[PDB]
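Here the structure is laid out as structure tokens; the discussion comes afterwards.
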Number of protein chains: 2
Amino acid sequence: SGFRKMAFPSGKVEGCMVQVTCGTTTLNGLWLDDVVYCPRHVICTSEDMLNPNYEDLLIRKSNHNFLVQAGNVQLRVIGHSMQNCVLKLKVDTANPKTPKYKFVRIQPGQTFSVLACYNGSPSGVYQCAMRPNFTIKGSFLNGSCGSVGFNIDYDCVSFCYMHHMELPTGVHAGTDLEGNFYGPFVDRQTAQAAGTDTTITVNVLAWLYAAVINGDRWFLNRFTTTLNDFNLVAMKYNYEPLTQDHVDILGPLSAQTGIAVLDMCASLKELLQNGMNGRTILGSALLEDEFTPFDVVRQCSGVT
Amino acid sequence: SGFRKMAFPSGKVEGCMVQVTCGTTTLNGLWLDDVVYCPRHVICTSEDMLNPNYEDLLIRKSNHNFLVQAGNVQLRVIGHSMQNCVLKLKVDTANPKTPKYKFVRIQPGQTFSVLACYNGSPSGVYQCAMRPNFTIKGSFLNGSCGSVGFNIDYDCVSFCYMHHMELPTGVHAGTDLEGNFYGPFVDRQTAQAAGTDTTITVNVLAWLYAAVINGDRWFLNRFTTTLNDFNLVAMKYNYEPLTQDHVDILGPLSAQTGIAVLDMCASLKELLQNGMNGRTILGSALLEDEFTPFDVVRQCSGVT
Ligand SMILES: Clc1cccc(CN2CCOCC2)c1
Ligand SMILES: Clc1cccc(CN2CCOCC2)c1
């Protein structure tokens with residue numbers, strides 16, 4: 001019993017983190033097989049960062065300008081290319097600690113763990129969601145660029161995020177491991193405003209199920225609603241619309257608890273309309289939206 | 001920028017987790033050098049667990065009754081002893097993945113990471129505090145016993161906790177790695193009530209500093225207070241007393257932010273007296289008490 005914001009064990013990803021230096025800029029790289037992946041802005045002087053031309057800047061760089069250090073041993077760079085907003089440094093040594101892995105592009109509302117790193121060294125691990133506005137609410141200081149987000153399925157690391165930017169509003173933007181930004185962000189020091197940070201409705205419902213399973217039930221009410229009626233309330237409170245796909249995904253939690261999805265929607269509706277009246281749910285005074293239905297099933301069933 | 005409930009990277013501890021089976025009971029063990037540490041109740045049939053005599057039960061056990069599996073390879077047990085509430089299984093192989101490590105007994109209010117494990121396999125990592133009543137608010141299902149709590153200082157794992165018990169109230173109890181319980185709990189299926197779960201005042205103040213550093217300042221007020229006056233308010237709200245030791249420990253955060261500790265105490269006092277009036281601090285609607293002053297400095301400075 002008990003429910004915690006839980007990250008994947010980070011060991012498999014720790015063994016992939018390296019330090020990348022170009023000129024005077026140091027950040028983190030991901031060493032998988034004989035390739036190191038890092039943000040392309042490693043080639044920038046923060047001066048460049050106002051309106052950088054990455055193709056033109058990269059002309060002036062050679063394999064031997066990219067200094068790649070795995071612990072305290074230097075990797076020999078034998079090739080470099082740009083793919084979107086990441087650099088791929090071909091090294092002469094396959095990472096012996098390469099786990100089975102995939103690159104995935106996640107959708108907003110999906111959750112992942114971040115291994116926050118500085119100078120190729122892990123500092124900590126926490127669990128995030130891709131916000132509906134394609135930002136993440138991370139903890140990232142200077143030098144944390146190239147820190148990665150991931151999911152683990154048994155022995156297989158799915159890399160979904162690499163850290164690039166902090167917005168002037170202190171929220172974070174980054175790429176998939178093909179270097180394509182989540183959302184409309186560019187790797188440029190410019191005016192970039194995030195859109196509306198809406199609540200991930202299906203995750204809140206999942207977390208209300210998790211609450212019932214763990215004994216927190218005060219918010220269960222006598223009411224039900226419809227998808228359309230619920231979705232009117234959701235829109236008023238900047239909650240994402242709930243789809244039939246979201247209802248289907250919540251089925252197992254529905255099945256386990258014997259509380260129909262639309263009944264739980266009517267409980268959430270009352271919580272939106274009435275607030276918590278100073279009460280708490282799984283030790284939170286707000287509606288948590290960074291657990292997926294899959295996360296609740298996983299944590300509640302004990303999957304390793 | 002941004003502030004997250006961050007755990008230590010778990011790799012160093014992942015490589016110490018093994019499966020321990022005695023008769024029909026499987027739980028987790030910690031393999032350090034040529035010793036595996038596990039909860040002694042591994043020798044119990046849940047029948048035993050009502051009033052077990054561990055000395056008498058252990059008479060009936062031999063080295064070859066303790067089945068120790070590290071991944072999918074069996075460890076040869078060449079000795080066993082009981083120290084308090086843990087078993088130490090001497091194996092014939094030193095764990096090649098043994099990190100530099102210490103065993104520490106933490107005090108209430110101190111924080112650590114838990115690697116939740118099932119059948120010797122890591123499932124996830126989260127950050128905890130030892131509650132003032134010597135419980136922890138974990139996420140632990142059957143099979144999670146022998147999961148450990150730890151801190152990392154550069155390359156050195158300090159093990160502070162091993163999981164043993166869930167109380168009928170769904171809070172968790174365990175031992176240091178010498179097998180001594182935190183608090184008055186015994187490894188017996190009996191009536192064990194936790195004491196008052198008070199708030200760790202010094203941690204809330206640390207987290208209010210973390211909030212100011214990250215831009216959340218609405219709660220800063222025009223007031224100051226005294227230690228004695230603050231402590232009257234703390235007692236009314238089941239907050240732990242604030243000592244001069246706590247004030248001294250908050251010094252660096254005081255220094256960085258230029259907000260005197262007693263000024264921040266007067267801000268906390270108003271938050272206790274008036275509540276959040278529907279506002280949030282670092283994305284929480286309650287006062288977070290599972291960051292130490294050390295945790296705020298670490299996360300805010302980027303220590304690896
Ligand atoms: Cl993370 C990711 C996101 C989108 C597509 C893909 C697959 N690739 C395969 C190679 O060429 C291009 C597409 C991966
Ligand atoms: Cl975790 C821990 C808690 C309390 C004391 C100690 C030190 N030991 C050294 C060996 O003998 C007994 C005491 C360790």
Side-chain angles (χ1 to χ4, degrees), chain A residues 20 22-30 37-58 82-87 103-112 114-118 126 128-150 159-200 238-240 289-290, chain B residues 1-4 211 213-217 280 282-283 299-300 302:
Chain A
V20 187
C22 202
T24 51
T25 316
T26 295
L27 43 58
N28 301 287
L30 182 75
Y37 302 82
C38 77
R40 68 173 175 174
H41 75 242
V42 71
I43 71 169
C44 294
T45 77
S46 61
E47 309 83 295
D48 295 312
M49 278 308 295
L50 293 176
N51 189 38
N53 187 305
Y54 287 104
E55 270 303 342
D56 291 341
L57 291 174
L58 194 53
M82 195 169 46
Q83 181 177 18
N84 302 314
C85 299
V86 299
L87 298 178
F103 295 167
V104 295
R105 198 177 170 76
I106 58 168
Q107 302 293 325
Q110 288 318 108
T111 59
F112 60 86
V114 170
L115 182 61
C117 288
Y118 299 92
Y126 56 89
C128 275
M130 185 54 58
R131 300 314 310 174
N133 62 7
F134 294 99
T135 68
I136 76 171
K137 296 172 156 153
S139 175
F140 288 116
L141 305 179
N142 288 12
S144 67
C145 291
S147 296
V148 297
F150 59 98
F159 292 103
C160 57
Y161 181 82
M162 179 168 267
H163 188 52
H164 290 241
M165 312 277 300
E166 192 167 74
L167 299 193
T169 56
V171 305
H172 300 116
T175 65
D176 62 26
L177 267 289
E178 297 192 322
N180 288 131
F181 264 93
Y182 291 104
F185 307 109
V186 292
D187 51 352
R188 187 186 167 185
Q189 182 162 308
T190 189
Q192 308 190 71
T196 310
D197 203 347
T198 54
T199 300
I200 315 149
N238 290 151
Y239 271 58
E240 291 290 304
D289 82 340
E290 295 203 352
Chain B
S1 202
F3 207 72
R4 275 281 179 179
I213 296 168
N214 288 280
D216 291 348
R217 309 195 163 95
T280 64
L282 292 172
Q299 173 163 177
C300 283

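In what follows, every chain begins at residue 1, and chains take the letters A, B, ... in the order their sequences are listed.
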Given side chain to side chain contact (heavy atoms under 4.5 Å, CB included), test A:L87 with A:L58 step by step and report yes or no. CA-CA 10 Å; A:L87 298 178; A:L58 194 53; 4.1 Å; yes
Checking A:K137 against A:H172 for the side chain to side chain contact (heavy atoms under 4.5 Å, CB included) test, could you report, in this order, the C-alpha distance in whole Å, the side-chain angles of both residues, the deciding distance, and whether it holds? CA-CA 6 Å; A:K137 296 172 156 153; A:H172 300 116; 5.8 Å; no
Under the criterion salt bridge (charged side-chain N to carboxylate O under 4.0 Å, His left out), I'd like the reasoning laid out for A:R131 against A:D289: C-alpha separation, chi angles, the key distance, then a yes or no. CA-CA 10 Å; A:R131 300 314 310 174; A:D289 82 340; 2.7 Å; yes
List the steps, then state whether side chain to side chain contact (heavy atoms under 4.5 Å, CB included) holds for A:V186 with A:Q192. CA-CA 8 Å; A:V186 292; A:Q192 308 190 71; 3.5 Å; yes
For A:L30 and A:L177, what are the C-alpha separation, side-chain angles and deciding distance, and is it a side chain to side chain contact (heavy atoms under 4.5 Å, CB included)? CA-CA 9 Å; A:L30 182 75; A:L177 267 289; 3.8 Å; yes
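Dense packing is recorded around CG of A:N53, with more than 12 heavy atoms of other residues, nucleotides or ligands lying under 6.0 Å away. In the displayed structure, A:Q107 atom CD is contacted under 6.0 Å by at most 12 heavy atoms of other residues, nucleotides or ligands.
Between A:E178 and A:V86 the shortest heavy-atom distance is C-CG2, 4.0 Å. In terms of heavy-atom proximity, A:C22 sits nearest to A:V42 at CB-O, 3.4 Å. Taking each heavy atom of A:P39 and A:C145 in turn, the nearest pair found is CG-C, 4.1 Å. Nearest heavy-atom pair, B:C300 versus A:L141, reported as atom, atom and distance to 0.1 Å: O-CD1, 3.2 Å. When all heavy atoms of A:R188 and A:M165 are compared, the pair lying nearest together is O-CE, 3.2 Å. The minimum heavy-atom distance between A:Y54 and A:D187, with the atom names listed, is OH-O, 2.6 Å.
A donor-acceptor contact closer than 3.5 angstrom links the side chains of A:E240 and A:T198. For B:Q299 and A:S139, the side-chain atoms include at least one donor-acceptor pair closer than 3.5 Å.
Side chain of A:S147 to backbone of A:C117: a donor-acceptor contact under 3.5 angstrom is found. Side chain of B:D216 to main chain of B:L282: a donor-acceptor pair is present (N/O by atom type, distance under 3.5 Å, no hydrogens or angles). Not a single donor-acceptor pair under 3.5 Å links the side chain of A:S46 to the backbone N or O of A:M49.
Judged by the 6.0 Å distance and 45° axis criteria, A:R105 is positioned over the aromatic ring of A:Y182.
Looking at A:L27 and A:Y118, their side chains never come closer than 4.5 Å, going by heavy atoms from C-beta outward. In this structure, A:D176 and A:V104 have side chains that are not in contact, with every pair of non-hydrogen atoms separated by 4.5 Å or more. Looking at heavy atoms from C-beta onward, A:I136 lies in side-chain contact with A:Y161 at the 4.5 angstrom threshold. When side chains are defined from C-beta on, A:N84 does not count as touching A:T175, because their heavy atoms never get closer than 4.5 Å. Taking the side chain as every heavy atom from C-beta outward, A:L57 and A:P52 approach each other to under 4.5 Å. Taking 4.5 Å as the limit, every side-chain heavy atom of A:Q83 sits out of range of all side-chain heavy atoms of A:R40. At least one side-chain heavy atom of A:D197 sits less than 4.5 Å from a side-chain heavy atom of A:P132.
A distance of 13.5 Å separates SG of A:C128 from CD of A:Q110, quoted to the nearest 0.5 Å. The line from CZ of A:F112 to OH of A:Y126 is 8.0 Å long, rounded to the nearest 0.5 Å. Interatomic distance, OG1 of A:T135 versus CE of A:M130, reported as 8.0 Å (0.5 Å rounding). In this structure, CE on A:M162 lies 8.0 Å from CG on A:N28, to the nearest 0.5 angstrom. Separation of atoms OG (B:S1) and CG (A:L167) is listed at 11.0 Å; rounding is to 0.5 Å. Going from atom NE2 of A:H164 over to atom CZ of A:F185 covers 13.0 Å, rounded to the nearest 0.5 Å.
Using cut-offs of 30° and 60° for the angle between ring planes, the A:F140 and A:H163 rings count as parallel.
The six-membered or imidazole ring of A:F103 lies near that of A:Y37, with a centre-to-centre distance under 6.0 Å.
Remark: A:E166 engages no residue in a salt bridge (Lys or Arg N to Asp or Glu O under 4.0 Å) (not counting sequence neighbours).
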